[PDB]
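Student: pasting the sequence and an experimental structure:
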Amino acid sequence: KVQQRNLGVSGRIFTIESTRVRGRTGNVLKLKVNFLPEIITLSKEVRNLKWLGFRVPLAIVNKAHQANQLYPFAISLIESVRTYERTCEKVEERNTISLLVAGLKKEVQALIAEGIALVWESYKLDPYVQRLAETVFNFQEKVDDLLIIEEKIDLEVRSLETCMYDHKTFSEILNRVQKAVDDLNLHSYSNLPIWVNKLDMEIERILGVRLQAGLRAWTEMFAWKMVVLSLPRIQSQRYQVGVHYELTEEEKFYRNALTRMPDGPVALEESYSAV
Amino acid sequence: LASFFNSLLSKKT
Amino acid sequence: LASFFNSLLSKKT
Amino acid sequence: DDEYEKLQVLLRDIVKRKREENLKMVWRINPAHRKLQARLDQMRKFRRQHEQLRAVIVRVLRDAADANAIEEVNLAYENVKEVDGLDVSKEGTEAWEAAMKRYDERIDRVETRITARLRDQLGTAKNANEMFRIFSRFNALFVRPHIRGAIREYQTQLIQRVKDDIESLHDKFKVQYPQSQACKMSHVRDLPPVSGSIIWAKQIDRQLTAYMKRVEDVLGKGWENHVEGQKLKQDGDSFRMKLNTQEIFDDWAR
Amino acid sequence: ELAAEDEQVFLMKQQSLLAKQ
Amino acid sequence: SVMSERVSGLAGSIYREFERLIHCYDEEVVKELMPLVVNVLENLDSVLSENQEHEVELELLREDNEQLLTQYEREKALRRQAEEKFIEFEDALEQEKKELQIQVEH
Amino acid sequence: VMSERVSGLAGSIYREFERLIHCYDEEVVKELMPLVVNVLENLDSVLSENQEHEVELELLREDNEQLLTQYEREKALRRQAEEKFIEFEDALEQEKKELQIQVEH
């Protein structure tokens, strides 16, 4: 059966096959490494049966030796592509964070697309393996780190409705959120200001709800609205220094929270009507 | 690049 | 290259 | 070796051309100089690490314990030196083996003695700065794996102190140059604000490089691949990417 | 911004590059 | 042909001087000098764009040289490791088959 | 050394400069000298740097091609040696165990 099948490793290292996957009407085509597991089991069988005194043909031993001299690049490629597929499925689980890791996905896809041109017997196979494995491990740990911080950020945002109306606890919660965004900015993820602004509209809506609750609970008027209105905004690109521009009051504090009033401006009219 | 000073010239024509 | 335009200028000043 | 390989190729292709004139054909060769070659290989693999240890020992160990250590190092080298190692004969080989064992025992005793000379660090250093200084002074002794393994409870505290300093400098950079008091103090000392910002960012980067030097000294060589040094090196790289001053200079020039 | 492509169309394009060379 | 910042800066200074000379005397100053300047200005961008291609080709082909050298050295060494294991296996099992031959002959 | 294309364009701006100097006054180019010598020196120096890069490029490309060819030949020799080794392995072990079954007879 082995001398009928005629295994052997040749061609380029990657292989794009298309399978029909259940649950999806179209075919989903995936990426696999051009190294069949039958090659590895053939290597194991040749190393096993040779000691057993069973005479194996010369072409089989030749294929086994060529496989064993090409194995360490192949197993590393298999591990890299499996880790990449697992991490891409993990970021496809949470669609809210796809734009945050576009740069790393672009880098890894570029390293794959460069590596699709390499044949198995090429001289370039030694440093490309190390570079691909390093990049894929870095991408995977960056994704896991961002998953943890995004879960914590969602927890801290959802803790804002149950937070009591005072400037101290609000300032502490926004300080924690600003520190988490600072941690995002230190590791230089892609599309940070867009995601920060998308967070900031949600947090301004939540602060508008809390200001509504405080205003109807009021029904010294000026002092109660400075608890929310003097809260510092979330700054995305704060690590940069040197530009001698000053942000206005609208982009430093939540001074547009009155426009985010869910019942319209009538709650402010109802507040002023009692005076 | 040639456009810059061509515009420079056509100001008064 | 300085000397040549230098001559250009001082040749009659 | 290469001339012998080419000649052996010549004997191969002449004996395959002389099959009908030869019945028995063996290739048993045991040259007499291979044992000498192994002797000089072992002699370099003694003398190299002896030079590496001895240069460091006479460099940085300038108490009677240090004089005892350098005298015992000299005694070990003289005890090996007094044995004629060029003899390929058997009695000379056993004398060489005995000299190697004696040198190894003397060197390991000296290593443990200077380990005990290095374990009085808490009894001497009461603060992390002088412990930093004495750790920097005695850095070259940590190429030895036993000395590297001997100091482990100090390295974690030193890494935590360096991480605290790095976080403190991160909070220093948390405020910007316009909101800093450094801009005011530079303007009162006739520094233009662009150049003051360039100066401020460069001195922050210099402090970052000094702390990277400190962690390289504390963890020894290969610190970037360590358990604690990996995060430190990655965050230092990512911070130095944000500390460059090219774009502000270009905008000023424009 | 930065917008890395969808993986499916990217590796169909890479499949075409595999086939053409 | 993307213009660099340095060529744009010195062309801006040329633009400054040309506007100053246009305002100072007349229009007739610039009418033959600017086509003799703009081609040199294009040549600066062209030679910088070619030079950067030279630099990236130099880096990639240099690193491919240091890849080739060590790969060939490792491959020569592992050919040598094939070439004495052959000899050791050969004379050892030839001596064993010879002792087997003489013991089966007697 | 001054390059010839820069020398020709230099001659173009030299006769232009002579025209503007003779035509109006002597302050026509008093603010134009250290700009234009900087531009021409920039072109000359970058072209000289290109000239160095070209010759070092051709040297490293040539011995790159040589190293590629000799490494490919070393691959051929290594694979041939391993194949000869495993063939001689199997053949000698084959007739050796044929000898020991002959012994057991």
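Tutor: All right, it came through fine. Residues are numbered from 1 along each chain as shown, chains lettered A, B, ... in the order given.
Student: what's near enough to touch the closest residue to chain D within chain B?
Tutor: Of the residues in chain B, the one nearest chain D is residue B:4, at a distance of 16.3 Å by CB to the nearest CB. Bear in mind the C-beta positions are built from the backbone N, C-alpha and C, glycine included. The neighbours of residue B:4, taking CB atoms under 8 Å, 6 or more residues apart in numbering or on different chains as the test, are F:11, F:15.
Student: can you tell me how far it is from residue F:48?
Tutor: Relative to residue F:48, residue B:4 is positioned 18 Å away (CB to CB, to the nearest Å).
Student: tell me the centre residue of chain D?
Tutor: For chain D, the residue nearest the mean C-alpha position is residue D:221 (4.5 Å; CA atoms, centre = their mean).
Student: show me the contacts for that one.
Tutor: For residue D:221, counting by CB under 8 Å, 6+ apart, the contacting residues are residue D:143.
Student: am I right that it sits in a strand?
Tutor: No - secondary structure of residue D:221, determined by DSSP: H, G, I helix; E, B strand; the rest coil: coil, with no strand assignment.
Student: for the residue lying closest to residue A:100 once chain neighbours are set aside, what are its contacts?
Tutor: Using CB to CB, 6 or more residues apart in numbering or on different chains and skipping residues adjacent in sequence, the residue nearest residue A:100 is residue A:189, 5.0 Å away. Contacts for residue A:189 (CB under 8 Å, 6+ apart) come out as A:100, A:101, A:103, A:104, A:142, A:146.
Student: now do 10 Å
Tutor: A:97, A:99-104, A:142, A:145-146, A:149, A:195, E:2 (CB atoms under 10 Å, 6 or more residues apart in numbering or on different chains).
Student: now, of the residues you listed, which are buried?
Tutor: A:97, A:99, A:100, A:101, A:102, A:103, A:104, A:142, A:146, A:149, A:195 (16 or more other CB atoms under 10 Å in any protein chain shown).
Student: now, among these, which is nearest to residue C:12?
Tutor: The shortest distance between residue C:12 and any of the buried ones among the contacts of residue A:189, using CB to CB, involves residue A:103 and amounts to 63.1 Å.
Student: what helix or strand is the residue of chain B closest to chain D on?
Tutor: Element membership for residue B:4, per DSSP states H and E: helix B:2-9.
Student: three-state assignment of residue A:184?
Tutor: Relying on three-state DSSP, one would call residue A:184 helix.
Student: do you know how far it is from chain F?
Tutor: In this view, residue A:184 and chain F are 30 Å apart by CB to the nearest CB, to the nearest Å.
Student: now swap in residue D:46 and tell me
Tutor: With CB to the nearest CB as the criterion, residue D:46 and chain F are 25 Å apart.
Student: in the host helix or strand of that residue, what's buried?
Tutor: Applying DSSP H and E as the criterion places residue D:46 in helix D:34-60. Of all the residues in helix D:34-60, those buried under the rule 16+ other CB under 10 Å are D:39, D:46, D:50, D:53, D:54, D:56, D:57.
Student: same thing with stretch E:6-17?
Tutor: The neighbour-count criterion (16+ other CB under 10 Å) identifies E:7, E:10, E:11, E:14, E:15 as the buried residues of stretch E:6-17.
Student: so can I have JSON lines of those residues showing distance to residue D:65 and secondary structure?
Tutor: Putting those into JSON lines (distance: CB to CB, whole Å; DSSP: H, G, I helix; E, B strand; the rest coil) gives the following:
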{"residue": "E:7", "distance to residue D:65": "65", "secondary structure": "helix"}
{"residue": "E:10", "distance to residue D:65": "67", "secondary structure": "helix"}
{"residue": "E:11", "distance to residue D:65": "67", "secondary structure": "helix"}
{"residue": "E:14", "distance to residue D:65": "67", "secondary structure": "helix"}
{"residue": "E:15", "distance to residue D:65": "71", "secondary structure": "helix"}
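Student: out of those, flag the one nearest to chain A.
Tutor: Distance to chain A across these (CB to the nearest CB) is lowest for residue E:15, with 4.1 Å.
Student: which SS state does the closest residue in space to the closest one that isn't next to it in sequence fall under?
Tutor: If the residues on either side of it in the chain are set aside, residue E:15 comes closest to residue A:16, at 4.1 Å by CB to CB, 6+ apart. Using three-state DSSP as the criterion, the local structure at residue A:16 reads strand.
Student: which element is the closest residue to residue D:136 other than its chain neighbours on?
Tutor: Spatially, and ignoring its direct neighbours in sequence, residue D:136 is nearest to residue D:217 (4.9 Å; CB to CB, 6+ apart). Residue D:217 is located in helix D:193-219, with elements delineated by DSSP H and E.
Student: next SSE downstream of that helix?
Tutor: Along the chain past helix D:193-219, the next helix or strand (assigned with DSSP H and E) turns out to be helix D:229-242.
Student: got the angle for the following helix or strand past that next one vs helix D:193-219?
Tutor: Counting by DSSP H and E, the next helix or strand C-terminal to helix D:229-242 is helix D:246-253. Relative orientation of helix D:246-253 with respect to helix D:193-219: 170 degrees, computed using axes from the mean of the first three to the mean of the last three CA atoms, to 10 degrees.
Student: by contact count, what packs against helix D:246-253?
Tutor: Using 3 or more CB pairs under 10 Å, 6 or more residues apart in numbering or on different chains; DSSP states H and E as the contact criterion, the neighbours of helix D:246-253 among helices and strands are helix D:193-219, helix F:5-24.
Student: do any residues in the helix or strand following the shortest one lie close to chain D?
Tutor: Yep, that's helix F:5-24 we're talking about. Read in the C-terminal direction, the helix or strand following helix F:5-24 is helix F:34-105, with elements assigned using DSSP H and E. Yes - judged by CB under 10 Å from any CB of the partner chain, helix F:34-105 comes into contact with chain D at F:80, F:83, F:84, F:87, F:90, F:91, F:92, F:94, F:95, F:98.
Student: just give me the closest of the residues you listed to residue B:8.
Tutor: Relative to residue B:8, the closest of the residues of helix F:34-105 next to chain D is residue F:80; by CB to CB it sits at 72.2 Å.
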